[PDB]
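Right, one structure below, let's go through it.
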There are 2 protein chains.
Amino acid sequence: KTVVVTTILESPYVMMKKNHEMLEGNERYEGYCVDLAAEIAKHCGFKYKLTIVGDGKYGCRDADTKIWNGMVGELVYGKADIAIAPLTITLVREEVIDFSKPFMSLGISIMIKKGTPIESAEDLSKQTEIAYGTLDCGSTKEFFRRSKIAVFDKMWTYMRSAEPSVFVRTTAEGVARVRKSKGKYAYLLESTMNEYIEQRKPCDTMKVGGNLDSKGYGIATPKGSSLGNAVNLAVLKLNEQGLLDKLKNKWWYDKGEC
Amino acid sequence: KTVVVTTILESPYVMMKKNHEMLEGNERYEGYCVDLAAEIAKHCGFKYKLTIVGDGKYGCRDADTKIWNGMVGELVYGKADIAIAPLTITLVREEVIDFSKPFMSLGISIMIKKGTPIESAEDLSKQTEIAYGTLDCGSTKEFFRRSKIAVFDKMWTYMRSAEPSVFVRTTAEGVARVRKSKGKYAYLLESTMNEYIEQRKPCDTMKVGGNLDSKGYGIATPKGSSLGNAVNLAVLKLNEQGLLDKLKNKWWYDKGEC
Ligand SMILES: N#Cc1cc2c(cc1[N+](=O)[O-])=NC(=O)C(=O)N=2
Ligand SMILES: N#Cc1cc2c(cc1[N+](=O)[O-])=NC(=O)C(=O)N=2
Ligand SMILES: [Zn+2]
Ligand SMILES: [Zn+2]
Ligand SMILES: [Zn+2]
């Protein structure tokens, strides 16, 4: 009867509310996906519980065992009914789960510490002094893994073997790394996070260049789930009513600090 | 056996080859959606025949009779198997046909003749001198019809009563009307077409402001088609391999004239 929603702690999508302690259930959390979850549930008429994904991951597939982890895993194995999170629509995922039409558009981007003499991907590919990486389990890593485009393959060859690892477990960790590495680390990540962070104290990073690709976050359900159809039309109604844009403005730019 | 593809003659998606008279079948046509149709069909393993939608329209539903016209109609009524065209993914269409994930991202935008003193939608809504309108059957008109946002509703109230009519039958007619009206008509259309026209002679138009919304074009199938799933995976594969961005560059910018 109550729908189990899997999501991930990633700012400004899902964050613990300051007084989160004196709060219970769904009320402990706030952010873009908390608001979206409430709207989706209202329009589709279900009650829900927000659960934070147990391994802290979006999801990737073990090369050997072929087992999915992260939010994708929770869906595939039936531990959650829906993922309301910034979950990137990719081919490998669509093969095992269903996605709504995108609620947010995005692309891979480059984050630098301000003053770093690095303006595009080509710039990173052609030098060494400045290290760079990506999230360890996710869509951006796979993009570089499977790229034939020459600048991106060069970056891949450098990235995979780099020592110590240029890969980070969580986004927060990559952001933290840029900020503390004195311009000797650049982070490849989704444009959404990049834009959010550039407007957060201490205002010491910047997005550079355009996006390397174009894609979308969708709301995900297990393959063949009845919820899929209503959720998809629900996302469309919200986009067309301007609510998704209102929410983006609310969580990125209205409380912008720079 | 051969899949019937409905499409629309809209540059640079589908155009008659200069010497199409001396050609047959699919070889009469060229463009972004011609190149994409060939790839979708090869990746899904079907033969196909390109056909141009009989009424020249994307698709809207008659208020009185509730009948769908344009490419949406051809799918609803069984006259085509698939629409490979720049068909906007919207709630009202999704209610009657299926769409793949977006093969292109876009939003409604403002086209002006160079020098017109307009920067934004708010600017248009606060005057009178400069008339403005949209395509008469399609998703941009419906956006304004159904928008509860003050600026856009104010625009709709003006457009829906303006005389002579500010609506246009075809995109081409709208572009021509900007170009000939000496700064006294601005046209609201999809950003893809705005961007295309800005790079064609006589180089007298430009896109101003940001997009008013964010949406996608999808490949459409009748509900229940067997092709939906394969077509979807094909679009995601082609995006991830970089083909969609290469195709956009070929048809918009590689041959740009400005
Ligand atoms: N926001 C966000 C993000 C959302 C993500 C992500 C990386 C980021 N990021 O840190 O930039 N990788 C993923 O595979 C994903 O499904 N969703
Ligand atoms: N390009 C293009 C276009 C594609 C469109 C369109 C208008 C334009 N336009 O002229 O901007 N209206 C639609 O309802 C649609 O499904 N697809
Ligand atoms: Zn605590
Ligand atoms: Zn609502
Ligand atoms: Zn001819």
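Residue names in the structure tokens use chain letters A, B, ... in the order shown, residue numbers from 1 in each chain, and ligand numbers from 1 in the order shown.
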So which residues touch residue A:248 within 10 Å, counting only C-alpha atoms, skipping near sequence neighbours fewer than 3 positions away, as a PDB file with N, CA, C and O atoms, in the first residue's frame?
```
ATOM      1  N   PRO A  12      21.248  19.748  -4.159  1.00  0.00           N
ATOM      2  CA  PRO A  12      20.137  20.182  -3.331  1.00  0.00           C
ATOM      3  C   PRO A  12      18.886  19.314  -3.573  1.00  0.00           C
ATOM      4  O   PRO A  12      17.789  19.752  -3.309  1.00  0.00           O
ATOM      5  N   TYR A  13      19.089  18.075  -4.007  1.00  0.00           N
ATOM      6  CA  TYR A  13      18.006  17.158  -4.251  1.00  0.00           C
ATOM      7  C   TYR A  13      17.381  16.593  -3.005  1.00  0.00           C
ATOM      8  O   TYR A  13      16.151  16.668  -2.858  1.00  0.00           O
ATOM      9  N   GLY A  31      14.517  19.387  -0.136  1.00  0.00           N
ATOM     10  CA  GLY A  31      15.247  19.589  -1.387  1.00  0.00           C
ATOM     11  C   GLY A  31      14.377  19.392  -2.605  1.00  0.00           C
ATOM     12  O   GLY A  31      13.167  19.126  -2.496  1.00  0.00           O
ATOM     13  N   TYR A  32      15.020  19.483  -3.766  1.00  0.00           N
ATOM     14  CA  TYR A  32      14.312  19.425  -5.054  1.00  0.00           C
ATOM     15  C   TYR A  32      13.536  18.143  -5.214  1.00  0.00           C
ATOM     16  O   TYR A  32      12.330  18.166  -5.515  1.00  0.00           O
ATOM     17  N   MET A 104      14.702  16.719 -15.759  1.00  0.00           N
ATOM     18  CA  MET A 104      15.738  17.717 -15.765  1.00  0.00           C
ATOM     19  C   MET A 104      16.697  17.330 -16.856  1.00  0.00           C
ATOM     20  O   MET A 104      17.021  16.128 -16.987  1.00  0.00           O
ATOM     21  N   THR A 192      24.425  20.106 -13.595  1.00  0.00           N
ATOM     22  CA  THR A 192      23.546  20.406 -12.506  1.00  0.00           C
ATOM     23  C   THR A 192      24.245  20.696 -11.149  1.00  0.00           C
ATOM     24  O   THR A 192      24.021  21.753 -10.520  1.00  0.00           O
ATOM     25  N   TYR A 196      25.104  24.301  -9.263  1.00  0.00           N
ATOM     26  CA  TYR A 196      24.706  24.478  -7.905  1.00  0.00           C
ATOM     27  C   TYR A 196      25.889  24.965  -7.038  1.00  0.00           C
ATOM     28  O   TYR A 196      25.773  25.967  -6.362  1.00  0.00           O
ATOM     29  N   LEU A 243       6.151  23.916 -12.865  1.00  0.00           N
ATOM     30  CA  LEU A 243       6.577  23.533 -11.470  1.00  0.00           C
ATOM     31  C   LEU A 243       8.021  23.045 -11.379  1.00  0.00           C
ATOM     32  O   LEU A 243       8.700  23.345 -10.429  1.00  0.00           O
ATOM     33  N   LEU A 244       8.495  22.301 -12.377  1.00  0.00           N
ATOM     34  CA  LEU A 244       9.890  21.841 -12.396  1.00  0.00           C
ATOM     35  C   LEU A 244      10.868  23.025 -12.468  1.00  0.00           C
ATOM     36  O   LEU A 244      11.918  23.039 -11.832  1.00  0.00           O
ATOM     37  N   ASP A 245      10.497  24.044 -13.244  1.00  0.00           N
ATOM     38  CA  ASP A 245      11.335  25.232 -13.367  1.00  0.00           C
ATOM     39  C   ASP A 245      11.313  26.043 -12.044  1.00  0.00           C
ATOM     40  O   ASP A 245      12.355  26.530 -11.629  1.00  0.00           O
ATOM     41  N   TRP A 251      15.782  25.824  -5.564  1.00  0.00           N
ATOM     42  CA  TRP A 251      16.855  25.100  -4.924  1.00  0.00           C
ATOM     43  C   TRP A 251      18.284  25.452  -5.427  1.00  0.00           C
ATOM     44  O   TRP A 251      19.269  25.220  -4.697  1.00  0.00           O
ATOM     45  N   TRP A 252      18.399  26.026  -6.625  1.00  0.00           N
ATOM     46  CA  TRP A 252      19.695  26.455  -7.134  1.00  0.00           C
ATOM     47  C   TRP A 252      19.963  27.960  -6.902  1.00  0.00           C
ATOM     48  O   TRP A 252      20.972  28.343  -6.301  1.00  0.00           O
ATOM     49  N   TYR A 253      19.064  28.788  -7.421  1.00  0.00           N
ATOM     50  CA  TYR A 253      19.385  30.201  -7.683  1.00  0.00           C
ATOM     51  C   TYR A 253      18.782  31.175  -6.673  1.00  0.00           C
ATOM     52  O   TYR A 253      19.433  32.152  -6.325  1.00  0.00           O
ATOM     53  N   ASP A 254      17.599  30.886  -6.140  1.00  0.00           N
ATOM     54  CA  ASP A 254      16.968  31.780  -5.113  1.00  0.00           C
ATOM     55  C   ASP A 254      17.711  31.900  -3.802  1.00  0.00           C
ATOM     56  O   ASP A 254      17.714  32.954  -3.202  1.00  0.00           O
TER      57      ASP A 254
END
```
Show me, as JSON lines, the residues of chain A having an atom within 10 Å of ligand 3, each with the closest atom pair and its distance in Å, using only C-alpha atoms and all ligand atoms.
```
{"residue": "A:16", "atom": "CA", "partner": "ligand 3", "partner_atom_place_in_ligand_line": "1 (Zn)", "distance": 8.4}
{"residue": "A:17", "atom": "CA", "partner": "ligand 3", "partner_atom_place_in_ligand_line": "1 (Zn)", "distance": 9.4}
{"residue": "A:18", "atom": "CA", "partner": "ligand 3", "partner_atom_place_in_ligand_line": "1 (Zn)", "distance": 8.5}
{"residue": "A:19", "atom": "CA", "partner": "ligand 3", "partner_atom_place_in_ligand_line": "1 (Zn)", "distance": 8.2}
{"residue": "A:20", "atom": "CA", "partner": "ligand 3", "partner_atom_place_in_ligand_line": "1 (Zn)", "distance": 6.5}
{"residue": "A:21", "atom": "CA", "partner": "ligand 3", "partner_atom_place_in_ligand_line": "1 (Zn)", "distance": 5.1}
{"residue": "A:22", "atom": "CA", "partner": "ligand 3", "partner_atom_place_in_ligand_line": "1 (Zn)", "distance": 8.9}
{"residue": "A:23", "atom": "CA", "partner": "ligand 3", "partner_atom_place_in_ligand_line": "1 (Zn)", "distance": 9.9}
{"residue": "A:28", "atom": "CA", "partner": "ligand 3", "partner_atom_place_in_ligand_line": "1 (Zn)", "distance": 9.7}
```
Would you mind telling me which residue in A:221, A:96, A:123, A:146 lies nearest to residue A:68 when using only C-alpha atoms? A:96
Using only C-alpha atoms and all ligand atoms, which residues have at least one atom no more than 8 Å from ligand 1? Output them as a PDB file with N, CA and C atoms, in the first residue's frame.
```
ATOM      1  N   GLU A  10      22.178  13.918  -1.800  1.00  0.00           N
ATOM      2  CA  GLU A  10      22.963  14.668  -2.769  1.00  0.00           C
ATOM      3  C   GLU A  10      22.334  16.063  -2.795  1.00  0.00           C
ATOM      4  N   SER A  11      23.102  17.121  -2.509  1.00  0.00           N
ATOM      5  CA  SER A  11      22.531  18.479  -2.441  1.00  0.00           C
ATOM      6  C   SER A  11      22.337  18.995  -3.871  1.00  0.00           C
ATOM      7  N   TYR A  13      19.089  18.075  -4.007  1.00  0.00           N
ATOM      8  CA  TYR A  13      18.006  17.158  -4.251  1.00  0.00           C
ATOM      9  C   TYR A  13      17.381  16.593  -3.005  1.00  0.00           C
ATOM     10  N   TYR A  58      24.296   5.618  -7.045  1.00  0.00           N
ATOM     11  CA  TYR A  58      23.286   5.710  -8.134  1.00  0.00           C
ATOM     12  C   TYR A  58      23.035   4.373  -8.783  1.00  0.00           C
ATOM     13  N   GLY A  59      24.116   3.745  -9.214  1.00  0.00           N
ATOM     14  CA  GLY A  59      24.063   2.369  -9.587  1.00  0.00           C
ATOM     15  C   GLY A  59      24.951   2.052 -10.771  1.00  0.00           C
ATOM     16  N   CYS A  60      25.594   0.898 -10.693  1.00  0.00           N
ATOM     17  CA  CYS A  60      26.459   0.418 -11.750  1.00  0.00           C
ATOM     18  C   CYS A  60      26.453  -1.092 -11.657  1.00  0.00           C
ATOM     19  N   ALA A  85      15.023  10.728  -7.599  1.00  0.00           N
ATOM     20  CA  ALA A  85      16.427  11.087  -7.429  1.00  0.00           C
ATOM     21  C   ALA A  85      16.944  11.535  -8.771  1.00  0.00           C
ATOM     22  N   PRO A  86      18.075  12.263  -8.802  1.00  0.00           N
ATOM     23  CA  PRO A  86      18.715  12.657 -10.048  1.00  0.00           C
ATOM     24  C   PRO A  86      19.440  11.481 -10.671  1.00  0.00           C
ATOM     25  N   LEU A  87      18.629  10.573 -11.214  1.00  0.00           N
ATOM     26  CA  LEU A  87      19.111   9.360 -11.781  1.00  0.00           C
ATOM     27  C   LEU A  87      19.150   9.484 -13.298  1.00  0.00           C
ATOM     28  N   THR A  88      20.358   9.392 -13.815  1.00  0.00           N
ATOM     29  CA  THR A  88      20.613   9.596 -15.252  1.00  0.00           C
ATOM     30  C   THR A  88      20.072   8.456 -16.110  1.00  0.00           C
ATOM     31  N   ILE A  89      19.313   8.853 -17.137  1.00  0.00           N
ATOM     32  CA  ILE A  89      18.795   7.955 -18.120  1.00  0.00           C
ATOM     33  C   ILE A  89      19.925   7.534 -19.040  1.00  0.00           C
ATOM     34  N   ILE A 108      27.576  16.317 -19.075  1.00  0.00           N
ATOM     35  CA  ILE A 108      28.849  16.233 -18.392  1.00  0.00           C
ATOM     36  C   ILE A 108      29.616  17.585 -18.524  1.00  0.00           C
ATOM     37  N   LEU A 135      33.112  10.545 -10.659  1.00  0.00           N
ATOM     38  CA  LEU A 135      32.504   9.629  -9.735  1.00  0.00           C
ATOM     39  C   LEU A 135      32.767   8.201 -10.171  1.00  0.00           C
ATOM     40  N   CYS A 137      31.194   5.274  -9.567  1.00  0.00           N
ATOM     41  CA  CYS A 137      30.143   4.346  -9.995  1.00  0.00           C
ATOM     42  C   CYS A 137      29.069   5.277 -10.546  1.00  0.00           C
ATOM     43  N   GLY A 138      28.952   5.313 -11.853  1.00  0.00           N
ATOM     44  CA  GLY A 138      27.979   6.179 -12.464  1.00  0.00           C
ATOM     45  C   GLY A 138      28.124   6.390 -13.948  1.00  0.00           C
ATOM     46  N   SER A 139      27.278   7.275 -14.438  1.00  0.00           N
ATOM     47  CA  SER A 139      27.147   7.524 -15.865  1.00  0.00           C
ATOM     48  C   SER A 139      28.320   8.251 -16.488  1.00  0.00           C
ATOM     49  N   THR A 140      28.988   9.132 -15.756  1.00  0.00           N
ATOM     50  CA  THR A 140      30.079   9.915 -16.322  1.00  0.00           C
ATOM     51  C   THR A 140      31.262   9.039 -16.529  1.00  0.00           C
ATOM     52  N   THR A 170      31.767   9.716  -3.813  1.00  0.00           N
ATOM     53  CA  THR A 170      30.586  10.535  -3.811  1.00  0.00           C
ATOM     54  C   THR A 170      30.956  11.858  -4.493  1.00  0.00           C
ATOM     55  N   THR A 171      29.995  12.539  -4.904  1.00  0.00           N
ATOM     56  CA  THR A 171      30.168  13.854  -5.500  1.00  0.00           C
ATOM     57  C   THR A 171      30.794  14.811  -4.494  1.00  0.00           C
ATOM     58  N   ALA A 172      30.202  14.856  -3.342  1.00  0.00           N
ATOM     59  CA  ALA A 172      30.785  15.735  -2.288  1.00  0.00           C
ATOM     60  C   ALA A 172      32.266  15.594  -2.188  1.00  0.00           C
ATOM     61  N   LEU A 188      35.197  16.046 -13.342  1.00  0.00           N
ATOM     62  CA  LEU A 188      34.195  15.919 -14.371  1.00  0.00           C
ATOM     63  C   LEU A 188      32.920  15.432 -13.749  1.00  0.00           C
ATOM     64  N   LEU A 189      31.847  16.177 -13.956  1.00  0.00           N
ATOM     65  CA  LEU A 189      30.589  15.884 -13.302  1.00  0.00           C
ATOM     66  C   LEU A 189      29.466  16.532 -14.025  1.00  0.00           C
ATOM     67  N   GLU A 190      28.274  16.171 -13.591  1.00  0.00           N
ATOM     68  CA  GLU A 190      27.098  16.606 -14.247  1.00  0.00           C
ATOM     69  C   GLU A 190      26.892  18.107 -14.046  1.00  0.00           C
ATOM     70  N   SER A 191      26.434  18.797 -15.102  1.00  0.00           N
ATOM     71  CA  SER A 191      26.308  20.272 -15.150  1.00  0.00           C
ATOM     72  C   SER A 191      25.452  20.856 -13.989  1.00  0.00           C
ATOM     73  N   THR A 192      24.425  20.106 -13.595  1.00  0.00           N
ATOM     74  CA  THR A 192      23.546  20.406 -12.506  1.00  0.00           C
ATOM     75  C   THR A 192      24.245  20.696 -11.149  1.00  0.00           C
ATOM     76  N   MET A 193      25.080  19.753 -10.729  1.00  0.00           N
ATOM     77  CA  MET A 193      25.901  19.901  -9.546  1.00  0.00           C
ATOM     78  C   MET A 193      26.866  21.045  -9.746  1.00  0.00           C
ATOM     79  N   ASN A 194      27.503  21.057 -10.906  1.00  0.00           N
ATOM     80  CA  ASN A 194      28.486  22.106 -11.204  1.00  0.00           C
ATOM     81  C   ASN A 194      27.868  23.491 -11.000  1.00  0.00           C
ATOM     82  N   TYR A 217      17.717  13.349 -16.367  1.00  0.00           N
ATOM     83  CA  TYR A 217      17.364  12.556 -15.179  1.00  0.00           C
ATOM     84  C   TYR A 217      15.922  12.131 -15.319  1.00  0.00           C
TER      85      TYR A 217
END
```
Determine which residues of stretch 3-245 of chain A receive a DSSP assignment of strand (DSSP E or B), computed from the backbone, and state them as a ChimeraX atom specification. /A:3-7,10,14-16,29-30,48-52,61,68,82-88,97-99,104-106,108-113,131-133,135,168,185-190,205-208,215-222
Identify every residue of chain A that has at least one atom within 10 Å of any atom of chain B, counting only C-alpha atoms, and report the result as an NGL selection string. :A and (89-92 or 94-95 or 99-106 or 143 or 146-149 or 212-216 or 229 or 232-242 or 244-245)
Just-selected residues, N, CA, C and O atoms written as a compact mmCIF listing (two decimals), in the first residue's frame:
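See selection10.txt below for the written result:
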```
# COMPACT_ATOMS: atom_id res chain seq x y z
N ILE A 89 19.31 8.85 -17.14
CA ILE A 89 18.80 7.95 -18.12
C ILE A 89 19.93 7.53 -19.04
O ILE A 89 20.45 8.34 -19.78
N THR A 90 20.26 6.24 -19.00
CA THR A 90 21.27 5.63 -19.84
C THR A 90 20.74 4.32 -20.43
O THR A 90 19.81 3.67 -19.89
N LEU A 91 21.32 3.96 -21.57
CA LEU A 91 21.01 2.68 -22.23
C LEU A 91 21.11 1.46 -21.28
O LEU A 91 20.18 0.63 -21.23
N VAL A 92 22.23 1.32 -20.57
CA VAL A 92 22.46 0.14 -19.77
C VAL A 92 21.42 0.04 -18.65
O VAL A 92 20.96 -1.04 -18.36
N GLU A 94 18.23 1.52 -18.83
CA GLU A 94 16.93 1.30 -19.48
C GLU A 94 16.70 -0.18 -19.86
O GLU A 94 15.58 -0.64 -19.97
N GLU A 95 17.76 -0.93 -20.05
CA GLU A 95 17.65 -2.35 -20.30
C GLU A 95 17.12 -3.14 -19.14
O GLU A 95 16.60 -4.25 -19.36
N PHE A 99 12.29 4.24 -17.03
CA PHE A 99 12.39 5.65 -16.72
C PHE A 99 11.20 6.49 -17.28
O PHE A 99 10.77 6.27 -18.38
N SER A 100 10.74 7.46 -16.52
CA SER A 100 9.87 8.52 -17.05
C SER A 100 10.65 9.34 -18.07
O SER A 100 11.89 9.28 -18.15
N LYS A 101 9.93 10.18 -18.79
CA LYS A 101 10.57 11.24 -19.52
C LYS A 101 11.33 12.12 -18.58
O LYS A 101 10.99 12.18 -17.39
N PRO A 102 12.38 12.79 -19.09
CA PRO A 102 13.24 13.52 -18.19
C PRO A 102 12.60 14.66 -17.44
O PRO A 102 11.79 15.41 -18.00
N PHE A 103 12.94 14.78 -16.17
CA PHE A 103 12.46 15.94 -15.40
C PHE A 103 13.49 17.03 -15.36
O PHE A 103 13.20 18.17 -14.93
N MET A 104 14.70 16.72 -15.76
CA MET A 104 15.74 17.72 -15.76
C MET A 104 16.70 17.33 -16.86
O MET A 104 17.02 16.13 -16.99
N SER A 105 17.19 18.35 -17.57
CA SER A 105 18.15 18.16 -18.65
C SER A 105 19.53 18.54 -18.15
O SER A 105 19.67 19.37 -17.18
N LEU A 106 20.55 17.85 -18.66
CA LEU A 106 21.90 18.05 -18.18
C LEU A 106 22.98 17.52 -19.13
O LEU A 106 22.69 16.83 -20.13
N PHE A 143 30.68 6.94 -19.59
CA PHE A 143 30.81 7.76 -20.77
C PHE A 143 32.25 7.80 -21.28
O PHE A 143 32.52 7.60 -22.46
N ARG A 146 33.49 4.28 -22.55
CA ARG A 146 33.01 3.87 -23.87
C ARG A 146 33.18 4.91 -24.97
O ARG A 146 32.70 4.69 -26.09
N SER A 147 33.91 5.99 -24.72
CA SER A 147 34.12 7.02 -25.73
C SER A 147 35.21 6.69 -26.78
O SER A 147 36.31 6.27 -26.43
N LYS A 148 34.87 6.91 -28.05
CA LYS A 148 35.83 6.79 -29.19
C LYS A 148 36.32 8.15 -29.64
O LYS A 148 37.34 8.26 -30.33
N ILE A 149 35.57 9.19 -29.28
CA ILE A 149 35.99 10.55 -29.54
C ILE A 149 37.40 10.75 -28.94
O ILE A 149 37.62 10.40 -27.78
N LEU A 212 29.64 18.35 -22.41
CA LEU A 212 30.24 17.36 -23.32
C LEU A 212 29.22 16.44 -24.01
O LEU A 212 29.58 15.75 -24.98
N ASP A 213 28.01 16.37 -23.46
CA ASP A 213 26.95 15.54 -23.95
C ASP A 213 25.63 16.13 -23.46
O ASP A 213 25.61 17.18 -22.76
N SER A 214 24.52 15.51 -23.85
CA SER A 214 23.20 15.96 -23.41
C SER A 214 22.41 14.77 -22.97
O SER A 214 22.32 13.79 -23.70
N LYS A 215 21.83 14.85 -21.79
CA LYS A 215 20.97 13.79 -21.34
C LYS A 215 20.01 14.29 -20.29
O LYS A 215 19.87 15.52 -20.10
N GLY A 216 19.42 13.36 -19.54
CA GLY A 216 18.29 13.65 -18.72
C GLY A 216 18.30 12.80 -17.45
O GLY A 216 18.90 11.67 -17.45
N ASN A 229 3.42 4.34 -15.87
CA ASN A 229 2.61 5.18 -16.77
C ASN A 229 2.12 6.45 -16.10
O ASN A 229 2.27 7.55 -16.62
N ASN A 232 4.99 8.84 -15.39
CA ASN A 232 5.51 9.53 -16.57
C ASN A 232 4.63 10.72 -16.95
O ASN A 232 5.12 11.82 -17.16
N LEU A 233 3.31 10.52 -16.94
CA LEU A 233 2.38 11.60 -17.29
C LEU A 233 2.36 12.70 -16.23
O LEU A 233 2.24 13.93 -16.53
N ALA A 234 2.52 12.27 -14.99
CA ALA A 234 2.73 13.18 -13.87
C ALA A 234 3.94 14.10 -14.07
O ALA A 234 3.83 15.30 -13.89
N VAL A 235 5.08 13.56 -14.53
CA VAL A 235 6.28 14.38 -14.80
C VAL A 235 6.03 15.41 -15.90
O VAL A 235 6.44 16.57 -15.79
N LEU A 236 5.43 14.95 -17.00
CA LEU A 236 4.95 15.82 -18.11
C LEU A 236 4.01 16.96 -17.67
O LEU A 236 4.24 18.14 -18.02
N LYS A 237 2.99 16.62 -16.88
CA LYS A 237 2.07 17.67 -16.33
C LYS A 237 2.85 18.66 -15.52
O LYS A 237 2.69 19.84 -15.71
N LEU A 238 3.77 18.20 -14.65
CA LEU A 238 4.55 19.16 -13.86
C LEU A 238 5.47 20.05 -14.67
O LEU A 238 5.62 21.22 -14.33
N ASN A 239 6.12 19.51 -15.71
CA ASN A 239 6.97 20.29 -16.55
C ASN A 239 6.17 21.40 -17.23
O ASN A 239 6.63 22.54 -17.30
N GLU A 240 4.99 21.03 -17.70
CA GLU A 240 4.18 21.94 -18.51
C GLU A 240 3.48 23.00 -17.66
O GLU A 240 3.21 24.09 -18.15
N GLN A 241 3.29 22.70 -16.38
CA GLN A 241 2.73 23.70 -15.47
C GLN A 241 3.81 24.64 -14.98
O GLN A 241 3.51 25.51 -14.22
N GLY A 242 5.06 24.47 -15.38
CA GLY A 242 6.18 25.33 -14.87
C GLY A 242 6.70 24.97 -13.47
O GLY A 242 7.66 25.62 -12.95
N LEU A 244 8.49 22.30 -12.38
CA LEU A 244 9.89 21.84 -12.40
C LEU A 244 10.87 23.02 -12.47
O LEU A 244 11.92 23.04 -11.83
N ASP A 245 10.50 24.04 -13.24
CA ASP A 245 11.33 25.23 -13.37
C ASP A 245 11.31 26.04 -12.04
O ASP A 245 12.35 26.53 -11.63
```
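Picture a line from atom CA of residue B:155 to atom CA of residue B:73; it runs 28.5 Å.
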List every residue of stretch 93-207 of chain A that DSSP, applied to the backbone of this structure, assigns to helix (DSSP H, G or I), and report them as a ChimeraX atom specification. /A:93-94,121-125,139-145,150-161,171-180,191-198
Polymer residues at most 9 Å from residue B:225, only C-alpha atoms, same-chain spacing of 3 or more positions, as a PyMOL selection string: chain B and resi 81-82+98+221-222+228-229
What gap, in Å, lies between atom CA of residue B:256 and atom CA of residue B:211?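 Atom CA of residue B:256 sits 21.5 Å away from atom CA of residue B:211.
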Here is a test: counting only C-alpha atoms, which residue of A:52, A:186, A:247, A:75 is nearest to residue A:125?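 Among A:52, A:186, A:247, A:75, it is A:186 that comes nearest to residue A:125.
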Of the candidates B:34, B:8, B:220, B:121, which one gets nearest to residue B:153 if we count only C-alpha atoms?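 Looking at the shortest contact to residue B:153, the residue is B:121.
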Please identify all polymer residues within 12 Å of residue A:176, counting only C-alpha atoms, omitting same-chain residues fewer than 2 positions from it, and present them as a CSV table (one decimal) with N, CA and C atoms, in the first residue's frame.
```csv
chain,number,residue,atom,x,y,z
A,111,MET,N,34.5,21.0,-13.7
A,111,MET,CA,34.6,21.9,-12.5
A,111,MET,C,36.1,22.2,-12.2
A,112,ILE,N,36.5,23.4,-12.1
A,112,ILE,CA,37.8,23.9,-11.7
A,112,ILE,C,37.8,24.7,-10.5
A,113,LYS,N,38.9,24.7,-9.7
A,113,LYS,CA,39.1,25.8,-8.7
A,113,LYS,C,39.4,27.1,-9.5
A,168,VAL,N,36.3,9.2,-7.2
A,168,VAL,CA,35.8,9.6,-5.9
A,168,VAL,C,34.5,8.8,-5.7
A,169,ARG,N,34.2,8.4,-4.5
A,169,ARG,CA,33.0,7.7,-4.1
A,169,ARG,C,31.7,8.5,-4.3
A,170,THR,N,31.8,9.7,-3.8
A,170,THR,CA,30.6,10.5,-3.8
A,170,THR,C,31.0,11.9,-4.5
A,171,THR,N,30.0,12.5,-4.9
A,171,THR,CA,30.2,13.9,-5.5
A,171,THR,C,30.8,14.8,-4.5
A,172,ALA,N,30.2,14.9,-3.3
A,172,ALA,CA,30.8,15.7,-2.3
A,172,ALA,C,32.3,15.6,-2.2
A,173,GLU,N,32.7,14.4,-2.4
A,173,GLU,CA,34.1,14.1,-2.3
A,173,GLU,C,34.9,14.7,-3.4
A,174,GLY,N,34.4,14.6,-4.6
A,174,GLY,CA,35.1,15.3,-5.8
A,174,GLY,C,35.1,16.8,-5.6
A,178,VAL,N,38.5,19.3,-5.4
A,178,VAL,CA,38.8,20.4,-6.3
A,178,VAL,C,39.2,21.6,-5.3
A,179,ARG,N,38.3,21.8,-4.4
A,179,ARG,CA,38.4,22.9,-3.4
A,179,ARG,C,39.7,22.8,-2.7
A,180,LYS,N,40.2,21.7,-2.3
A,180,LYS,CA,41.4,21.6,-1.5
A,180,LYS,C,42.7,21.3,-2.2
A,181,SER,N,42.7,21.1,-3.5
A,181,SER,CA,43.9,20.6,-4.2
A,181,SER,C,44.7,21.7,-4.9
A,182,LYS,N,44.4,23.0,-4.6
A,182,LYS,CA,45.2,24.1,-5.0
A,182,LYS,C,45.3,24.3,-6.6
A,183,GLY,N,44.2,24.0,-7.3
A,183,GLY,CA,44.1,23.9,-8.7
A,183,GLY,C,44.8,22.7,-9.4
A,185,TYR,N,43.6,19.7,-9.1
A,185,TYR,CA,42.6,18.7,-9.5
A,185,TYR,C,41.3,19.4,-10.1
A,186,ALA,N,40.9,18.8,-11.2
A,186,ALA,CA,39.6,19.2,-11.9
A,186,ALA,C,38.7,18.0,-11.9
A,187,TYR,N,37.4,18.3,-11.8
A,187,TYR,CA,36.4,17.2,-11.6
A,187,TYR,C,35.4,17.2,-12.8
A,197,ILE,N,27.0,24.3,-7.1
A,197,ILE,CA,28.2,24.5,-6.3
A,197,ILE,C,28.9,25.9,-6.6
A,202,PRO,N,32.3,28.5,-0.4
A,202,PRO,CA,33.1,29.7,-0.4
A,202,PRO,C,33.3,30.3,-1.9
A,204,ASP,N,34.5,29.3,-4.6
A,204,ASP,CA,35.9,29.1,-5.1
A,204,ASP,C,36.0,28.2,-6.3
A,205,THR,N,34.9,27.7,-6.9
A,205,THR,CA,34.9,26.9,-8.1
A,205,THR,C,34.1,27.6,-9.3
```
With distances taken over only C-alpha atoms and all ligand atoms, which residue among B:157, B:128, B:116, B:109 lies nearest ligand 2?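 The answer is B:109, which sits nearest to ligand 2.
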